[PDB]
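What follows is a set of notes on a single structure, which appears directly below.
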Amino acid sequence: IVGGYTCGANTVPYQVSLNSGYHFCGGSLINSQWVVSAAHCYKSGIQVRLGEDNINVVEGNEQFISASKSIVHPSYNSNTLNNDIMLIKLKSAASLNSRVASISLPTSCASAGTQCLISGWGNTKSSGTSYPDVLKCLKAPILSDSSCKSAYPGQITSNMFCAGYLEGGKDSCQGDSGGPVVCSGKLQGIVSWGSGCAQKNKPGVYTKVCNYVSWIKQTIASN
Ligand SMILES: [Ca+2]
Ligand SMILES: [Cl-]
C-alpha cells in the first residue's frame, strides 16, 4: 500500500497473508474454511496466516493453516488477467473470534464513487522497494468505468473496475495482490493489477467480485 496508514492490530479481521516462507499475497476470509484471493497468486505449498498484524513476529492471535486445495477460476487468462480470482480451502476450519472474522460477499455491485477500504502488506514506495511489518490501510473510491477505460484503453473487461486516485500518490502495490477491497461491509474487489504503483493517471485495477458470487457459492458447495 502506497500513501496509506497503519490499520491497527486486528482492525481488518478478514485479512489473510498467503505465505510460502515469506508473505507473497493477501486474501480475504469468507467463511471458516474458505479464502478468496487472486488467481495470479497461485502456487503450491501455500500456508494461510490469519489474525496477523506484524508478519515477522509472533504476537499472539495468529492462526497458521495449510491450504488443502486452491481453485483458480477455469477461465483465468494470465495475459489479460481477466477472471483473476481464486478460492483456497483450508485444511481445517479457522477459529472465528473478534480478531479473525469473515467478510460478506456482495448481493449487488458497487457504484462509482463508493468509498472502500483496501489493505495489505505490499510495497509502500512508488520509486523504490520497502515492505512493511504491520498491515497498511487505504481508503479509496471506485472510479467511473469511463475514467477507468480512458486510463487503460482496451485492457479493462467487464470483470474489472478501477479504484484509487488519478493524481497519484495513493494506491495498492506489489504484495497487496489478492487482498480485499471492502465497501460498506461487503467484499467488492480483489487487488489485481495496475501500471506501476501510485502513478498519475494510472489507478489500481481490481477483480469485480459481484460478477462471481454465484460461481463462488456453487464451487464452495461442491467441494
Ligand atoms: Ca505476527
Ligand atoms: Cl475500450
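Residues 16 to 34, 37 to 67, 69 to 125, 127 to 130, 132 to 183, 184A, 184 to 187, 188A, 188 to 204, 209 to 217, 219 to 220, 221A, 221 to 245 (PDB author numbering) are what the sequence shown spells out, left to right.
Idealized CB from N, CA, C, for every residue including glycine.
How big is the Cα-Cα spacing for residue i and residue j?
i	j	result
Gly140	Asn48	19 Å
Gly38	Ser84	12 Å
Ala243	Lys222	42 Å
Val118	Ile73	15 Å
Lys156	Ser110	28 Å
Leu114	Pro28	9 Å
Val53	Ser167	27 Å
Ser170	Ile176	10 Å
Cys191	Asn245	32 Å
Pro124	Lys239	12 Å
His57	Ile138	18 Å
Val231	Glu186	26 Å
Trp237	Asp102	13 Å
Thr98	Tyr172	12 Å
Hey, is residue i close to ligand 4, as in C-beta under 7 Å from one of its heavy atoms?
i	result
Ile73	Here the bound small molecules are ligand 1 and ligand 2; ligand 4 is not part of this structure.
Measure the Cβ-Cβ separation of residue i and residue j and say whether it is below 8 Å.
i	j	result
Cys182	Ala129	no
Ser146	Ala221A	yes
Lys224	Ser217	yes
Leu33	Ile63	yes
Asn100	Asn179	yes
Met104	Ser88	yes
residue 11	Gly196	Because the chain is modelled from 16 through 245, residue 11 falls outside the range shown and cannot be assessed.
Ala160	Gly188A	no
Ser214	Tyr234	no
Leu67	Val31	yes
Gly193	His40	yes
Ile106	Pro198	no
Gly226	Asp189	yes
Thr21	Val154	yes
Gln50	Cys136	no
Helix, strand or coil: how does DSSP classify residue i here?
i	result
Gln192	coil
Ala85	strand
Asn48	strand
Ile138	strand
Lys169	helix
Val17	strand
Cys232	helix
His91	coil
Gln240	helix
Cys58	helix
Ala129	coil
**Message:** Tell me which residues pass a beta-carbon proximity test against ligand 2: closer than 7 Å to any heavy atom, given in chain order.
**Reply:** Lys169, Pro173, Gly174 and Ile176
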